[PDB]
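Structure, as structure tokens:
Here Cβ is always computed from backbone atoms with ideal geometry, including for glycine, and neighbour counts include all displayed protein chains. Each value in this text was obtained by applying a stated rule to the coordinates, not by laboratory testing.
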Amino acid sequence: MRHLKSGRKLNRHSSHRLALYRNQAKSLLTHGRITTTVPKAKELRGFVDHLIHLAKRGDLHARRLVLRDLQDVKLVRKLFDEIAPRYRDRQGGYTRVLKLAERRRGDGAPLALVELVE
Amino acid sequence: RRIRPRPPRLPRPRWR
Amino acid sequence: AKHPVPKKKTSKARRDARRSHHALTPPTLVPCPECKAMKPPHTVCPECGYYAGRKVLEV
Amino acid sequence: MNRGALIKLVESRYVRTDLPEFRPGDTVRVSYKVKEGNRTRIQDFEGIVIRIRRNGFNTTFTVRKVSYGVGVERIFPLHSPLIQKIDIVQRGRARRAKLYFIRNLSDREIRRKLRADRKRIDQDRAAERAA
Amino acid sequence: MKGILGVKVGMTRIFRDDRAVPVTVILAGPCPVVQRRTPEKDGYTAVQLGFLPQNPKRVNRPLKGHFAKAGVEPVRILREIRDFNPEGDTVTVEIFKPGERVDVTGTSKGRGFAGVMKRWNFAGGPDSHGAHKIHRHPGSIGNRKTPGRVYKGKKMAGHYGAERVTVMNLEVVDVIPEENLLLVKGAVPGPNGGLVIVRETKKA
Amino acid sequence: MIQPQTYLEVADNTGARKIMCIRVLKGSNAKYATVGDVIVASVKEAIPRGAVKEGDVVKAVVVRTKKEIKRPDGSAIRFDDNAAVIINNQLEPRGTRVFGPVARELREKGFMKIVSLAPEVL
RNA sequence: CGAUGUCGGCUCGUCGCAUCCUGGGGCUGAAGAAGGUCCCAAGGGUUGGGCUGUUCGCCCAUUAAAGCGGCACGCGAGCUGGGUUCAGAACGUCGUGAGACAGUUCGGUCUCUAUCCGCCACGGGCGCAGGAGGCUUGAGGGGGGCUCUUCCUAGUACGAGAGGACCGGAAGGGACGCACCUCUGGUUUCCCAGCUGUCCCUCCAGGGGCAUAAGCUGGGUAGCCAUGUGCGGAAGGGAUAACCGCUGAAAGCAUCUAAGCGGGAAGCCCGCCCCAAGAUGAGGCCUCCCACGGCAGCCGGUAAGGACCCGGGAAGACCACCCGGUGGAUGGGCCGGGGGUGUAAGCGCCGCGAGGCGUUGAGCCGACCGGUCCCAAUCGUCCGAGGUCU
RNA sequence: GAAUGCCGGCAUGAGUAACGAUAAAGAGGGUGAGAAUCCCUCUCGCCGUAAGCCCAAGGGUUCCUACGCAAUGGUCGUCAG
RNA sequence: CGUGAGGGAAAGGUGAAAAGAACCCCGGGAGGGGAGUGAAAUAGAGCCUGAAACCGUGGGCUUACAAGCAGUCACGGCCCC
Ligand SMILES: [Mg+2]
Ligand SMILES: [Mg+2]
Ligand SMILES: [Mg+2]
Ligand SMILES: [Mg+2]
Ligand SMILES: [Mg+2]
Ligand SMILES: [Mg+2]
Ligand SMILES: [Mg+2]
Ligand SMILES: [Mg+2]
Ligand SMILES: [Mg+2]
Ligand SMILES: [Mg+2]
Ligand SMILES: [Mg+2]
Ligand SMILES: [Mg+2]
Ligand SMILES: [Mg+2]
Ligand SMILES: [Mg+2]
Ligand SMILES: [Mg+2]
Ligand SMILES: [Mg+2]
Ligand SMILES: [Mg+2]
Ligand SMILES: [Mg+2]
Ligand SMILES: [Mg+2]
Ligand SMILES: [Mg+2]
Ligand SMILES: [Mg+2]
Ligand SMILES: [Mg+2]
Ligand SMILES: [Mg+2]
Ligand SMILES: [Mg+2]
Ligand SMILES: [Mg+2]
Ligand SMILES: [Mg+2]
Ligand SMILES: [Mg+2]
Ligand SMILES: [Mg+2]
Ligand SMILES: [Mg+2]
Ligand SMILES: [Mg+2]
Ligand SMILES: [Mg+2]
Ligand SMILES: [Mg+2]
Ligand SMILES: [Mg+2]
Ligand SMILES: [Mg+2]
Ligand SMILES: [Mg+2]
Ligand SMILES: [Mg+2]
Ligand SMILES: [Mg+2]
Ligand SMILES: [Mg+2]
Ligand SMILES: [Mg+2]
Ligand SMILES: [Mg+2]
Ligand SMILES: [Mg+2]
Ligand SMILES: [Mg+2]
Ligand SMILES: [Mg+2]
Ligand SMILES: [Mg+2]
Ligand SMILES: [Mg+2]
Ligand SMILES: [Mg+2]
Ligand SMILES: [Mg+2]
Ligand SMILES: [Mg+2]
Ligand SMILES: [Mg+2]
Ligand SMILES: [Mg+2]
Ligand SMILES: [Mg+2]
Ligand SMILES: [Mg+2]
Ligand SMILES: [Mg+2]
Ligand SMILES: [Mg+2]
Ligand SMILES: [Mg+2]
Ligand SMILES: [Mg+2]
Ligand SMILES: [Mg+2]
Ligand SMILES: [Mg+2]
Ligand SMILES: [Mg+2]
Ligand SMILES: [Mg+2]
Ligand SMILES: [Mg+2]
Ligand SMILES: [Mg+2]
Ligand SMILES: [Mg+2]
Ligand SMILES: [Mg+2]
Ligand SMILES: [Mg+2]
Ligand SMILES: [Mg+2]
Ligand SMILES: [Mg+2]
Ligand SMILES: [Mg+2]
Ligand SMILES: [Mg+2]
Ligand SMILES: [Mg+2]
Ligand SMILES: [Mg+2]
Ligand SMILES: [Mg+2]
Ligand SMILES: [Mg+2]
Ligand SMILES: [Mg+2]
Ligand SMILES: [Mg+2]
Ligand SMILES: [Mg+2]
Ligand SMILES: [Mg+2]
Ligand SMILES: [Mg+2]
Ligand SMILES: [Mg+2]
Ligand SMILES: [Mg+2]
Ligand SMILES: [Mg+2]
Ligand SMILES: [Mg+2]
Ligand SMILES: [Mg+2]
Ligand SMILES: [Mg+2]
Ligand SMILES: [Mg+2]
Ligand SMILES: [Mg+2]
Ligand SMILES: [Mg+2]
Ligand SMILES: [Mg+2]
Ligand SMILES: [Mg+2]
Ligand SMILES: [Mg+2]
Ligand SMILES: [Mg+2]
Ligand SMILES: [Mg+2]
Ligand SMILES: [Mg+2]
Ligand SMILES: [Mg+2]
Ligand SMILES: [Mg+2]
Ligand SMILES: [Mg+2]
Ligand SMILES: [Mg+2]
Ligand SMILES: [Mg+2]
Ligand SMILES: [Mg+2]
Ligand SMILES: [Mg+2]
Ligand SMILES: [Mg+2]
Ligand SMILES: [Mg+2]
Ligand SMILES: [Mg+2]
Ligand SMILES: [Mg+2]
Ligand SMILES: [Mg+2]
Ligand SMILES: [Mg+2]
Ligand SMILES: [Mg+2]
Ligand SMILES: [Mg+2]
Ligand SMILES: [Mg+2]
Ligand SMILES: [Mg+2]
Ligand SMILES: [Mg+2]
Ligand SMILES: [Mg+2]
Ligand SMILES: [Mg+2]
Ligand SMILES: [Mg+2]
Ligand SMILES: [Mg+2]
Ligand SMILES: [Mg+2]
Ligand SMILES: [Mg+2]
Ligand SMILES: [Mg+2]
Ligand SMILES: [Mg+2]
Ligand SMILES: [Mg+2]
Ligand SMILES: [Mg+2]
Ligand SMILES: [Mg+2]
Ligand SMILES: [Mg+2]
Ligand SMILES: [Mg+2]
Ligand SMILES: [Mg+2]
Ligand SMILES: [Mg+2]
Ligand SMILES: [Mg+2]
Ligand SMILES: [Mg+2]
Ligand SMILES: [Mg+2]
Ligand SMILES: [Mg+2]
Ligand SMILES: [Mg+2]
Ligand SMILES: [Mg+2]
Ligand SMILES: [Mg+2]
Ligand SMILES: [Mg+2]
Ligand SMILES: [Mg+2]
Ligand SMILES: [Mg+2]
Ligand SMILES: [Mg+2]
Ligand SMILES: [Mg+2]
Ligand SMILES: [Mg+2]
Ligand SMILES: [Mg+2]
Ligand SMILES: [Mg+2]
Ligand SMILES: [Mg+2]
Ligand SMILES: [Mg+2]
Ligand SMILES: [Mg+2]
Ligand SMILES: [Mg+2]
Ligand SMILES: [Mg+2]
Ligand SMILES: [Mg+2]
Ligand SMILES: [Mg+2]
Ligand SMILES: [Mg+2]
Ligand SMILES: [Mg+2]
Ligand SMILES: [Mg+2]
Ligand SMILES: [Mg+2]
Ligand SMILES: [Mg+2]
Ligand SMILES: [Mg+2]
Ligand SMILES: [Mg+2]
Ligand SMILES: [Mg+2]
Ligand SMILES: [Mg+2]
Ligand SMILES: [Mg+2]
Ligand SMILES: [Mg+2]
Ligand SMILES: [Mg+2]
Ligand SMILES: [Mg+2]
Ligand SMILES: [Mg+2]
Ligand SMILES: [Mg+2]
Ligand SMILES: [Mg+2]
Ligand SMILES: [Mg+2]
Ligand SMILES: [Mg+2]
Ligand SMILES: [Mg+2]
Ligand SMILES: [Mg+2]
Ligand SMILES: [Mg+2]
Ligand SMILES: [Mg+2]
Ligand SMILES: [Mg+2]
Ligand SMILES: [Mg+2]
Ligand SMILES: [Mg+2]
Ligand SMILES: [Mg+2]
Ligand SMILES: [Mg+2]
Ligand SMILES: [Mg+2]
Ligand SMILES: [Mg+2]
Ligand SMILES: [Mg+2]
Ligand SMILES: [Mg+2]
Ligand SMILES: [Mg+2]
Ligand SMILES: [Mg+2]
Ligand SMILES: [Mg+2]
Ligand SMILES: [Mg+2]
Ligand SMILES: [Mg+2]
Ligand SMILES: [Mg+2]
Ligand SMILES: [Mg+2]
Ligand SMILES: [Mg+2]
Ligand SMILES: [Mg+2]
Ligand SMILES: [Mg+2]
Ligand SMILES: [Mg+2]
Ligand SMILES: [Mg+2]
Ligand SMILES: [Mg+2]
Ligand SMILES: [Mg+2]
Ligand SMILES: [Mg+2]
Ligand SMILES: [Mg+2]
Ligand SMILES: [Mg+2]
Ligand SMILES: [Mg+2]
Ligand SMILES: [Mg+2]
Ligand SMILES: [Mg+2]
Ligand SMILES: [Mg+2]
Ligand SMILES: [Mg+2]
Ligand SMILES: [Mg+2]
Ligand SMILES: [Mg+2]
Ligand SMILES: [Zn+2]
């Protein structure tokens, strides 16, 4: 069955699903708002809050750790120097998934937005 | 249980 | 298998009777508390961009 | 209603603190109570801890001896009321947490892969120096 | 015929006389009685117990009216115990002392759509030697022209679990009345956090 | 967990070296023989001029198993091999010594001669 | 014959009883134990191997026993394809020959999609005279039903001895079943570490991709598991079977019977567990709304409730079920704990160096036990009684 | 009214199997009546004795560009052999 | 369609006259709705007539305790004339 298992499969294998999260982390941290299907969005909250949290920490350890996923020294800088300080006083919940009302024409996929909170 | 072996009536269905 | 195959043509009754569950349910919709347009609940109103009091996206 | 807490409560009456700490690789001696016929004695079992699997009260550790040319592994509940005492007899430095790999090893091979944990030995001799 | 509602909490082993006894722990008490079935009124004899207090918001008028005929606070679950008429108007773990034997009733872990192997212990087919796509399949399900049909209750694949299961004659290892706990030697149906029924056994 | 076809080491001076289980003497249809259970076996390898020879059909008791045997105290004990000691129809050892530890379960099953002959009873 | 696929095996069974075992029996050329024989009994059970395509059979080791049979010699729109009907090839044999043989031998295409009935599951609809939320009785039906060993009685009754009980009483097994994950033992697709080659980020260090749909190797939580653990068969009440009687005529005797009454099986009925009021014969109990407006009817607005939508769930294919929706701990984050990995990086020190020591059980860290409104269950909408007649 | 008749039309199975290698996608920005499918960027993955390149057979305008989207494309199409 | 010899279809009808629908509206287009032509526009080009199967909308009667080659005989009920 499935009892007490955590983690959507998203019809991707191990590597592909990790990329899908990473390349969505880069895209969320680049523009601060991306539209996606509701499933991928809900899974995006936790993957990114970890990265934001680690930036809020700030040590060299946390930057190199976040570097395993984001891989972009300039983008990590944006995260630590501009993004993370916005949330020094916030206790988690740095992201937000609100649902949209129109669907994709091609496949009817229901969509939602994911944005970094104020 | 039949003691005299029973011959088959059909050949194996052979690809046309 | 050995290619199952229908025995009798299904009647105009039996195929229509099968389709008794095939009717669609009309989309479930509520008014938007800001602009009053019928929208799906728990979605950002696609006509004014508002949700939960404030504006969220440009429509 | 906290359910791990309730379970933690039930186990409390059986928990032990009196036993020393010891990691995989530590050679050790478990003085164990055995019921042989109509009497009960303290059979000792002395060997290398090759595994320690924690689950709160339900943690257990495995100790491996060589008895008369035959390997013997023995599993103990860490809070068994039949554990009289445990005596650390040597501190070994392992690199892994489970040491099943030492099953397929000669005696010389094991002495190389498991050297004396000098840091935990010196801490041991430094402790026990109480006044 | 004493009985009590409670949730199953988890499994452990205590130690008792140089023997480790596997137990499962049940938060049994306490259960206010909210209606009594009598032969005059209802034809049979049983006590309606309640369990777990509930947010009065979430309880509709008819249900809330039921509690008021008895002066019981809104509770989450209501359940009857048949041929039980306790003296007090609150059943607690105290009605069970160690040494006793109990029957425990609970909703089993649902395995969903179960194939014929997990459900009915069938053997399936070979995994080589020519076996063709029937590795977890049942085999024949009938005969031929006679009877030319499949027997009712023919064991097949389908849903399995999340059904009522009563496991019987379990020793009551301990009772912690201060905590409303109830130890029980062995296995009890249902997952942790599932509502079970503990009754006096029917064995010898 | 000894089942038919399982090879066992013989822990005694009966001549035998390996025996191969062909039956566990535990009633009608028992699946495996653990410590203390009796087995009929076939002598597959044996030293020359022993009390038993290659190809005999002997009985033996399983003294130690490579699957771990559990105990009511909560402990368990596995050995490095599956071993047995050739016995007679009166449960008595057919040799004069036994080699290597034997599980304490033999005593509770009534094999006191073997248990006394051992070097260690774990 | 405009096709009813043919042996054996595998799988899944079910039925019969001319009963292999377990239960109850009468006769015995029945001392006892153990047999023979016949009667009742189909509840459950009836092992694993060697040989041969084999069914069958013989044999090995056991067993309470290793039953015989029907179901298209049950079962190929379930599987197999060793045997047997194709085409190749050879041996013996027959034939001048082409070839042929209940004579051998090697080889040799078994079809993804279920319409109807049937079976396993799961819903939608209406109905059960008012509309609703709970809790229930159980007509009826299914599941289950096995058995061994040792010990006490007692080395007693019995027997020359050898042997060796009835009855009653305790303990421990085998196989099977239901549930369970504390323990034992698995898995644990990215939870941690180590490692090779190559490309890259950013030169060093540190890291990433790829080598599988985990590159590989050592480990591994919860969950799902069995090899692991708990529990089941019964107890018992009743009616009987064969069989044994009581009292007893017809028939002064006798007779278990013709009046009547006892006793008596693992079998029958209740009992145990599970389904169950579509049980249309649609049951019962507790509780909630209630005389709404307009021409056994109709159209509308409502009540108690309900549904929708959303956050979800050891529930689950969808559906259903269960939980929650800010007056909230439902999921996500975050903190604590658990647990896994087994001492991160950075720097210091030691060594020419690969390395080592220390900071340090550190660093990282899925699911488990919790806390915390930081993020997301916003705001709402639609249904929904006014109660037939004697 | 029947010939497993001939031609044609329309049903059934059924909203069912399938939609043609498990190399793999993600977002942002354009275009537009309309976009998962067209263009641009960045990220990610796949081939690299090829899944790159050049020639021969064969094919015969498929090449380039502009304007289009009924049908062809197994979906879509603003794109296209 | 076949390498080739060779095989070998389907496909007729607006109206007397194009007077073949300017212009307006919805639509991206297709398609419609108006206006207009004609004796006639379900003669509007997918065009005389326009059958049947087959699909669908509205209406009347009927149907969720019922056992069937589907009808037929009787009677009752409702709807219509
Ligand atoms: Mg499954
Ligand atoms: Mg499930
Ligand atoms: Mg799976
Ligand atoms: Mg969860
Ligand atoms: Mg993951
Ligand atoms: Mg998939
Ligand atoms: Mg995919
Ligand atoms: Mg898919
Ligand atoms: Mg990979
Ligand atoms: Mg996390
Ligand atoms: Mg830094
Ligand atoms: Mg990290
Ligand atoms: Mg929607
Ligand atoms: Mg589209
Ligand atoms: Mg036969
Ligand atoms: Mg043919
Ligand atoms: Mg087939
Ligand atoms: Mg096939
Ligand atoms: Mg099939
Ligand atoms: Mg049909
Ligand atoms: Mg028809
Ligand atoms: Mg119709
Ligand atoms: Mg039709
Ligand atoms: Mg049909
Ligand atoms: Mg816990
Ligand atoms: Mg050693
Ligand atoms: Mg070293
Ligand atoms: Mg329950
Ligand atoms: Mg199973
Ligand atoms: Mg099962
Ligand atoms: Mg099972
Ligand atoms: Mg098998
Ligand atoms: Mg198998
Ligand atoms: Mg095949
Ligand atoms: Mg095949
Ligand atoms: Mg198949
Ligand atoms: Mg296969
Ligand atoms: Mg068939
Ligand atoms: Mg029939
Ligand atoms: Mg269920
Ligand atoms: Mg018991
Ligand atoms: Mg748990
Ligand atoms: Mg609960
Ligand atoms: Mg030895
Ligand atoms: Mg000794
Ligand atoms: Mg024929
Ligand atoms: Mg013919
Ligand atoms: Mg025919
Ligand atoms: Mg045919
Ligand atoms: Mg046929
Ligand atoms: Mg055979
Ligand atoms: Mg008998
Ligand atoms: Mg008898
Ligand atoms: Mg007899
Ligand atoms: Mg006798
Ligand atoms: Mg005699
Ligand atoms: Mg008979
Ligand atoms: Mg029987
Ligand atoms: Mg062989
Ligand atoms: Mg042959
Ligand atoms: Mg034969
Ligand atoms: Mg016998
Ligand atoms: Mg017997
Ligand atoms: Mg046999
Ligand atoms: Mg049979
Ligand atoms: Mg047959
Ligand atoms: Mg076949
Ligand atoms: Mg066959
Ligand atoms: Mg068939
Ligand atoms: Mg073959
Ligand atoms: Mg063949
Ligand atoms: Mg052959
Ligand atoms: Mg001649
Ligand atoms: Mg000749
Ligand atoms: Mg001649
Ligand atoms: Mg021949
Ligand atoms: Mg023949
Ligand atoms: Mg012939
Ligand atoms: Mg032959
Ligand atoms: Mg070959
Ligand atoms: Mg069907
Ligand atoms: Mg039919
Ligand atoms: Mg059906
Ligand atoms: Mg229903
Ligand atoms: Mg009624
Ligand atoms: Mg009602
Ligand atoms: Mg209700
Ligand atoms: Mg009931
Ligand atoms: Mg009943
Ligand atoms: Mg019925
Ligand atoms: Mg019954
Ligand atoms: Mg029985
Ligand atoms: Mg005696
Ligand atoms: Mg004697
Ligand atoms: Mg007895
Ligand atoms: Mg059975
Ligand atoms: Mg666990
Ligand atoms: Mg586990
Ligand atoms: Mg485990
Ligand atoms: Mg484990
Ligand atoms: Mg990772
Ligand atoms: Mg660069
Ligand atoms: Mg480097
Ligand atoms: Mg690398
Ligand atoms: Mg690359
Ligand atoms: Mg590559
Ligand atoms: Mg790859
Ligand atoms: Mg490989
Ligand atoms: Mg890797
Ligand atoms: Mg692994
Ligand atoms: Mg686990
Ligand atoms: Mg685990
Ligand atoms: Mg088991
Ligand atoms: Mg008399
Ligand atoms: Mg009488
Ligand atoms: Mg008598
Ligand atoms: Mg009686
Ligand atoms: Mg019995
Ligand atoms: Mg019930
Ligand atoms: Mg009802
Ligand atoms: Mg009911
Ligand atoms: Mg009836
Ligand atoms: Mg009726
Ligand atoms: Mg009712
Ligand atoms: Mg009643
Ligand atoms: Mg569940
Ligand atoms: Mg669902
Ligand atoms: Mg769901
Ligand atoms: Mg409900
Ligand atoms: Mg609700
Ligand atoms: Mg609410
Ligand atoms: Mg609300
Ligand atoms: Mg929460
Ligand atoms: Mg939380
Ligand atoms: Mg730890
Ligand atoms: Mg270090
Ligand atoms: Mg370091
Ligand atoms: Mg370092
Ligand atoms: Mg230096
Ligand atoms: Mg740690
Ligand atoms: Mg932690
Ligand atoms: Mg609070
Ligand atoms: Mg609103
Ligand atoms: Mg005719
Ligand atoms: Mg035809
Ligand atoms: Mg013809
Ligand atoms: Mg025509
Ligand atoms: Mg035709
Ligand atoms: Mg057509
Ligand atoms: Mg069609
Ligand atoms: Mg259609
Ligand atoms: Mg469908
Ligand atoms: Mg179909
Ligand atoms: Mg295809
Ligand atoms: Mg499909
Ligand atoms: Mg494709
Ligand atoms: Mg490929
Ligand atoms: Mg594909
Ligand atoms: Mg593949
Ligand atoms: Mg490749
Ligand atoms: Mg895009
Ligand atoms: Mg912009
Ligand atoms: Mg597109
Ligand atoms: Mg488009
Ligand atoms: Mg894209
Ligand atoms: Mg795009
Ligand atoms: Mg694509
Ligand atoms: Mg980017
Ligand atoms: Mg190359
Ligand atoms: Mg190319
Ligand atoms: Mg050319
Ligand atoms: Mg061409
Ligand atoms: Mg081009
Ligand atoms: Mg086109
Ligand atoms: Mg197009
Ligand atoms: Mg065109
Ligand atoms: Mg298209
Ligand atoms: Mg195509
Ligand atoms: Mg365009
Ligand atoms: Mg051509
Ligand atoms: Mg041509
Ligand atoms: Mg031709
Ligand atoms: Mg025409
Ligand atoms: Mg327009
Ligand atoms: Mg316009
Ligand atoms: Mg266009
Ligand atoms: Mg137009
Ligand atoms: Mg017009
Ligand atoms: Mg006119
Ligand atoms: Mg007109
Ligand atoms: Mg006309
Ligand atoms: Mg006309
Ligand atoms: Mg004309
Ligand atoms: Mg016309
Ligand atoms: Mg209508
Ligand atoms: Mg109609
Ligand atoms: Mg009716
Ligand atoms: Mg009826
Ligand atoms: Mg009818
Ligand atoms: Mg009839
Ligand atoms: Mg008829
Ligand atoms: Mg009449
Ligand atoms: Mg009439
Ligand atoms: Zn709005």
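Among the residues of E:19-25, the average count of other protein chain beta-carbon atoms within 10 Å of the residue beta-carbon is 4.
Could you rank the peptides A:20-27, F:49-56, D:124-131, A:7-14 by their average count of other C-beta atoms within 10 Å per residue, with the highest value first?
Details: A:20-27: 16.6, F:49-56: 14.8, D:124-131: 7.1, A:7-14: 10.0.
Ranking the peptides A:20-27, F:49-56, D:124-131, A:7-14 by packing returns A:20-27, F:49-56, A:7-14, D:124-131.
Just checking the listed ones, E:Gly139, E:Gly153, E:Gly186: in the Gaussian network model of chain E with Cα springs under 10 Å, the one fluctuating most is E:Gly153.
With 30 Å as the limit, write out which pairs from D:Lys98/E:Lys8; D:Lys85/F:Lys26; E:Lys41/E:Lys97; E:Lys97/E:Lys118; A:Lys5/D:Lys113; F:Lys70/F:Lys113 have Cα-Cα distances beyond it, or answer none.
Working: D:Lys98/E:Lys8 33 Å; D:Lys85/F:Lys26 39 Å; E:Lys41/E:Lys97 33 Å; E:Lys97/E:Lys118 38 Å; A:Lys5/D:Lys113 38 Å; F:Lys70/F:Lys113 23 Å.
Checking Cα-Cα distances, D:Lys98/E:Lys8; D:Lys85/F:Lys26; E:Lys41/E:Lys97; E:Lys97/E:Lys118; A:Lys5/D:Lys113 exceed 30 Å.
Of the beta bridges in the protein assembly as shown, as assigned by DSSP with both residues counted there, near 95 percent are antiparallel.
The angle separating the long axis of helix D:3-12 from the principal Cα axis of greatest extent in chain D is about 80 degrees. Peptide E:9-16 shows a mean partner chain C-beta count of 6 within 10 Å per residue C-beta. Pairs of Cα atoms nearer than 8 Å and 6+ residues apart set the relative contact order; for chain D it is 24 percent.
Order these by the 10 Å Cβ neighbour count, fewest first: C:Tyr51, D:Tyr100. Intermediate results must be reported in sequence, preceding the final value.
On the way: C:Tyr51 21, D:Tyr100 12.
So the ranking, lowest neighbour count to highest, is D:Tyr100, C:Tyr51.
Peptide packing for A:32-41, C:26-35 was compared via the average number of neighbouring C-beta atoms within 10 Å per residue; ordered from the highest value, the list is A:32-41, C:26-35.
Taking only C-alpha pairs under 8 Å that are 6+ residues apart, what is the relative contact order of the range E:46-150 in percent?
Values: 80 pairs, mean separation 21.3, N = 105.
Normalised by residue count, the contact order of the range E:46-150 is 20 percent.
Report, in deg cm²/dmol and to the nearest 500, the calculated mean residue ellipticity at 222 nm for chain F, where each DSSP H run with n ≥ 4 adds -39500 (n - 2.57) and the sum is divided by the residue count.
-1500 deg cm²/dmol
By the rule of a C-alpha distance below 15 Å, with chain neighbours fewer than 8 residues away ignored, the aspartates and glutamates paired with C:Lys55 are A:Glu115, A:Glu118, C:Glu34, C:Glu47.
Based on the alpha carbons, how large is the Rg to Rh ratio for the range A:14-118 when Rh follows Kirkwood?
Working: Rg = 14.1 Å, Rh = 14.1 Å.
For the range A:14-118, the value is 1.00.
Over the Cα atoms of chain E, each weighted equally, I'd like the Debye log10 I(q)/I(0) at q = 0.07, 0.09, 0.11, 0.16 Å⁻¹, rounded to two decimals. Result of the Debye calculation: -0.34, -0.52, -0.69, -1.05.
Partner chain Cβ atoms within 10 Å, averaged over the residues of A:98-109 - can you pull that number for me?
Values: counts 7, 6, 7, 13, 4, 0, 0, 0, 0, 0, 0, 0.
That average works out to 3.
Let me check against my output: what whole-number percent is the relative contact order of chain C, with C-alpha pairs under 8 Å and at least 6 apart? About 16 percent, as a whole number. Hey, what angle do you get for helix A:60-70 against the long axis of chain A, alpha-carbon based, 0 to 90 degrees rounded to 10? Once rounded, the angle reads 30 degrees.
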